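For reference, the structure is listed below as structure tokens.
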Amino acid sequence: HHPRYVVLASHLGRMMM
Amino acid sequence: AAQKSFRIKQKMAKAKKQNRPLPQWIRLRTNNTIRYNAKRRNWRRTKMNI
Amino acid sequence: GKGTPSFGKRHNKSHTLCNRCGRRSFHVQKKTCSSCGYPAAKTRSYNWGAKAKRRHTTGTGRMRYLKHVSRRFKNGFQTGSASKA
Amino acid sequence: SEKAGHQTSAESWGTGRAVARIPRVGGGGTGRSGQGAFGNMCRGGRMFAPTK
Amino acid sequence: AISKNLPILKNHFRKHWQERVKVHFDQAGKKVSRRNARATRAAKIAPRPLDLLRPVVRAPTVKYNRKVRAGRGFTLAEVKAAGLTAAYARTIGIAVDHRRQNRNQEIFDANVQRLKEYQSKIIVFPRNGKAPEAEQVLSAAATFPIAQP
Amino acid sequence: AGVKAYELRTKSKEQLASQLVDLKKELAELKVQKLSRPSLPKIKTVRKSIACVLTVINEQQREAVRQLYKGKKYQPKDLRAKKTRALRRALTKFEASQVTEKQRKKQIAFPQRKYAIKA
RNA sequence: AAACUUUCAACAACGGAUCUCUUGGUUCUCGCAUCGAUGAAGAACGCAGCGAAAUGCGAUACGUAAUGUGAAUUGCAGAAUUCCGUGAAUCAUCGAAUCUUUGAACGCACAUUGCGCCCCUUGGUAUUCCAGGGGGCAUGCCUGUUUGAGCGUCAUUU
RNA sequence: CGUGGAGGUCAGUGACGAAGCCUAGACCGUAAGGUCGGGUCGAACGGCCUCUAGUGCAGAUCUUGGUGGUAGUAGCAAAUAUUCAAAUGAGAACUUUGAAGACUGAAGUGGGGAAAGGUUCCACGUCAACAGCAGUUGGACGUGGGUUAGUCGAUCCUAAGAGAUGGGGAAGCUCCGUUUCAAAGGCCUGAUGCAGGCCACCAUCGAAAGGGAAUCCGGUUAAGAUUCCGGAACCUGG
RNA sequence: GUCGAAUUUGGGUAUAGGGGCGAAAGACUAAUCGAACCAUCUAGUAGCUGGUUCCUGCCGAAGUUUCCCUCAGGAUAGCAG
RNA sequence: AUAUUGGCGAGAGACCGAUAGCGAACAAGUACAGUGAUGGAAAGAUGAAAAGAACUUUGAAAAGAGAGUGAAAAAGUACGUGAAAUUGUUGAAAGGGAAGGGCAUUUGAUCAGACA
RNA sequence: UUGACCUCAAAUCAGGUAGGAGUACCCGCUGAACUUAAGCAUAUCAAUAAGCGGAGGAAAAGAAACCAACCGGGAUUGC
């Protein structure tokens, strides 16, 4: 069987502020 | 490992004699359900973890 | 790297076979089993591990001796032999 | 049976994984691993208001 | 919350109360068992009754002292007043109590009468030899009812 | 097919020893033939015959040891009764029936009397 | 006008819903009291004419004795006298036995099929060295036996 | 109005076909729904008066299973490289053999080992599935065969360390401790007791790379060899 | 960038979670670290977000009053059958 | 006299009917995952009986087309029935930048009938 | 010199017993927090869960250093 996990995480940065 | 304990080699011996298909004549028996060897193992597909 | 290059360094066992339960949970350096507690006299069992108890409890094996006691009780722990009547 | 539907160690993955927030079974390589667990709508779950 | 014109209720269901519910489905089976055990004890001790003789007694407090109910057993002064001994009365079905004290001549005499009447209505079989044939009477409380004076 | 236990019970210690070795020699031969013939079911009967001779030898030899220990208070643990551990440690019928001299007088003097209350 | 796209029907696909089934689960009720140093529960490795597994068994290894029944087992082969009988059978019953290596586990160890000591006996010209066969060697505590320790201590000889 | 099950009745329907499924075929009801014809199928089901409830789905990034469009689409583009003939075969860019052109270039794409794997090693048969193309080939599938030691390792010693005992803690699971506040045992002269004298480390576990008694050459197998065969040596115990 | 040392490294071994280890980044402690992993208490609590399954007939609103650590919530009077 | 989700032997239910009921109706604490504590499934149904398709023909074979067994192959070990999504062929119909729906009628196809 | 006594030891001394499993019910020790209070600390959950020691077919309790204030009752347990 194929486990799955948190695919990528990170690499999104932060927006506006 | 080539240098191996007798405890490990003994468990490899059992694993060797268990590696066979189902005896064919078992399918001719009255009220037979077994279709194939469901506990078959291979060195390339799963590991004994001993 | 924490991932694939790290996993390539794994060739040392932490646990080997247990002489009592035979389960590969026998820590080499602590010399204790994480499943049955060998060499401690008692077998390890916790009440929060309901499934763990179920897997190892009485009746899950052969009962080489205990399966016949109920037969002996029915007959009053008799001694001798049948009379050939 | 009072045990039925609750003999499991499942926990919710939480928001963020493109899946609903129902609890789920852990582990791997089983087929049961990752399934919906306790809820009354879940296969193999506990019925609404078990009969006493 | 508090919502309408209703009584203030007090329901103590805040512990794990569902772990200690007892529903008496066995009410009927227990009755059949008590009744069977009664029948086997009668057959074992035959022809003796299932009961011992009990004394007349006054209920203690001021809410009940107007009434007379059964008791534990005849006291030593009563057993002697009736011609017996405590050690022997116990072998012929008379219950004896060593804690009660006679302080009222009306109850004392009622119980002495009760013991005299009892001995007139029993047959004590000889220690050795063929005993007389006699039918079994199962209750002595019914044979010697207690009447309010 | 196969030896019979009730026939062996008439033979002596030496005869049953000689018969055991003969059956062991015969089984050794049949093994050498099973690797040439596709099937040789007869090997079963010889195998159970060796079981029958051994059981009758052990039964003769145990009985002699049982006559040797006749009536002496200590006898081998293998020959004692195999009841439950708890039944082997409870009081014997004699000890549990022990009654003090005081209590014995009281039971004789004041026994339970049979009586009936109808008349 | 075809192709192509879409709606519907008949046949054929993919899939296993529905219906009818059930040697399983589940709740209630009644009766009983029976594990272990006389080595348990559990584990490891083995055993069949042809078995890998579940089930059974332990070098007497799908089983040995004993008792009841009285012609099978069956997938193929075999057994054939075992059919008017101390007798078939993965039969039922079970009171006599065997029960490998282990495990509270007990000579000491044990990631070792590692290393010792004592007793009887057999072979190697052998009490001492070597091998084979059989029987033993843990710890706490109770009651007794034998051998002891101490100016703790009594009497007695000199 | 509809669903599972319960008590009563219709001496209800049915292998001469109950239930279920399909049917731009028919009728009744405003509706929820109810009824009939035909096809498919094969063993049980319904009307009415009442009882009871795990009783009605379009959704919940709902649970489990099945399946589409995207779509014969993205793609199968690192590590210089392949070609000619015969053989086997139903079938050959990919197997076998022969010829040719190239590369790793001795801190190799060579020859052996340690941890880890566990039969992948070798032979005969063999292509349904796997080798993201193919396959007659294969580390695949079926069936067998194969690992030989007084000298090589383990075994023995001790290292960091682990841990019995004697003891002291702790309600207890157990904690501290390693020669410590202990009556802690075994050898020889001689005769299994006995005359002496000598000797206090303190159990044990802990290294297939440390310390360490002793074996080299030639031949041999489909697959084993400092292990087998031939010859020549060496160490320990007696 | 550094490449004879504060060097690189195998096996053995010690330290275990409010603890370890840290030439100090809140870094590392099995792809997890401003408090690991596993089972249980546990169906933890939510004034907050989403969902809540058949038809017809008759009637049918409120976002306002007072009190509340009251302001995304309740009690209370009203409107409603 | 009282307790009993454990062990043993019995009798029952207005209970569940294979996504239900215990996790397990089956070689189920099984295969499988993790160093470890632990985690932990899917999977029942040919027929009364295998009577499990001898023999003929095309192909290298798998298989196809015939023949045959059976009450039935619209039961062929991919096996009771066999829904839907999704799909192939045949038939009918429409189609200038979506499709589907409501009221009315023309055209084609299909349905019923008073009847005396 | 010999024989006792007290206390303390050693034996592969003669015969015995204890551990481990099971744990639904039973006898104790130890012991939380989530939760409720619309916050929270006493309180609550709870003398509960987890951890530890000890038995039986039942266990535990039990023949009053009890209850009472009556015209007095009379071991224990359960409804």
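Naming scheme: A, B, ... for chains in displayed order of the structure tokens; residues 1 onward per chain; ligands 1 onward as shown.
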Mind checking which residues fall within 12 Å of residue F:28, counting only C-alpha atoms (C1' of nucleotides), ignoring those fewer than 6 positions away in the same chain, and posting them as a PyMOL selection string?
chain F and resi 21-22+34+43+46-47
Please identify every residue of stretch 12-81 of chain I that has at least one atom no farther than 12 Å from an atom of stretch 1-21 of chain H, counting only C-alpha atoms (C1' of nucleotides), and for each give the shortest atom pair and the distance in Å to one decimal, arranged by chain then increasing number, as CSV.
residue,atom,partner,partner_atom,distance
I:54,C1',H:1,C1',7.3
I:55,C1',H:1,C1',6.8
I:56,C1',H:1,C1',10.1
For chain G, list the residues within 12 Å of chain F, counting only C-alpha atoms (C1' of nucleotides), and write the list as a ChimeraX atom specification.
/G:34-40,48-50,59-61,63-66,76-82,86-87,95-98
I need the chosen residues saved as a PDB file, in the first residue's frame, with C-alpha atoms (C1' of nucleotides).
ATOM      1  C1'   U G  34     -10.714 -27.065  37.794  1.00  0.00           C
ATOM      2  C1'   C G  35      -3.565 -23.748  36.153  1.00  0.00           C
ATOM      3  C1'   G G  36       2.096 -23.949  38.211  1.00  0.00           C
ATOM      4  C1'   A G  37       8.889 -26.499  40.924  1.00  0.00           C
ATOM      5  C1'   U G  38       4.798 -33.912  39.974  1.00  0.00           C
ATOM      6  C1'   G G  39       7.913 -27.666  35.706  1.00  0.00           C
ATOM      7  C1'   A G  40       2.305 -23.747  34.003  1.00  0.00           C
ATOM      8  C1'   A G  48       2.835 -37.868   7.323  1.00  0.00           C
ATOM      9  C1'   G G  49       3.635 -42.413   1.035  1.00  0.00           C
ATOM     10  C1'   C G  50       2.635 -37.753  -1.637  1.00  0.00           C
ATOM     11  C1'   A G  59      12.771 -38.666  17.946  1.00  0.00           C
ATOM     12  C1'   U G  60       7.142 -43.808  21.025  1.00  0.00           C
ATOM     13  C1'   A G  61       6.331 -37.085  16.797  1.00  0.00           C
ATOM     14  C1'   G G  63       0.445 -40.041  17.097  1.00  0.00           C
ATOM     15  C1'   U G  64       1.732 -45.306  21.489  1.00  0.00           C
ATOM     16  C1'   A G  65      -1.523 -48.272  25.552  1.00  0.00           C
ATOM     17  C1'   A G  66      -6.495 -48.856  27.630  1.00  0.00           C
ATOM     18  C1'   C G  76      -4.709 -40.542  -5.767  1.00  0.00           C
ATOM     19  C1'   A G  77      -2.308 -44.748  -4.139  1.00  0.00           C
ATOM     20  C1'   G G  78      -2.083 -48.350  -0.401  1.00  0.00           C
ATOM     21  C1'   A G  79      -3.999 -52.093   3.516  1.00  0.00           C
ATOM     22  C1'   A G  80      -6.320 -56.998   2.228  1.00  0.00           C
ATOM     23  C1'   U G  81      -6.926 -60.187   6.081  1.00  0.00           C
ATOM     24  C1'   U G  82      -8.568 -56.083   9.307  1.00  0.00           C
ATOM     25  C1'   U G  86      -9.026 -59.418  21.432  1.00  0.00           C
ATOM     26  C1'   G G  87     -11.023 -55.700  14.833  1.00  0.00           C
ATOM     27  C1'   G G  95      -7.981 -43.577  34.045  1.00  0.00           C
ATOM     28  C1'   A G  96      -1.499 -46.035  31.613  1.00  0.00           C
ATOM     29  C1'   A G  97       2.887 -43.778  28.920  1.00  0.00           C
ATOM     30  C1'   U G  98       6.342 -40.620  25.746  1.00  0.00           C
TER      31        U G  98
END
From a backbone DSSP assignment, name each residue in chain F labelled alpha helix (DSSP H), as a PyMOL selection string.
chain F and resi 5-8+13-34+43-68+93-96+101-109
Hey, what's within 12 Å of stretch 2-7 of chain C if we count only C-alpha atoms (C1' of nucleotides) and toss same-chain stuff fewer than 5 positions away? As a PyMOL selection string, please?
(chain C and resi 12) or (chain I and resi 28+30-32)
Output C-alpha atoms (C1' of nucleotides) of each residue in that selection to a file, as a PDB file, in the first residue's frame.
ATOM      1  CA  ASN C  12      23.162  -1.831  12.803  1.00  0.00           C
TER       2      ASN C  12
ATOM      3  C1'   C I  28      19.980  18.202  17.325  1.00  0.00           C
ATOM      4  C1'   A I  30      15.222   7.973  13.515  1.00  0.00           C
ATOM      5  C1'   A I  31      11.967  12.893   6.874  1.00  0.00           C
ATOM      6  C1'   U I  32       8.819  15.039  13.824  1.00  0.00           C
TER       7        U I  32
END
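Look at residue E:103: the protein and nucleic acid residues within 12 Å of it, using only C-alpha atoms (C1' of nucleotides) and passing over chain neighbours fewer than 6 places away, are residues 57, 58, 75, 77, 78 and 109 of chain E; 71 and 72 of chain K.
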Contact residues around residue F:75 with only C-alpha atoms (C1' of nucleotides) at 10 Å, ignoring same-chain residues under 5 positions, as a list in words:
residues 65, 66, 68, 69, 70 and 80 of chain F
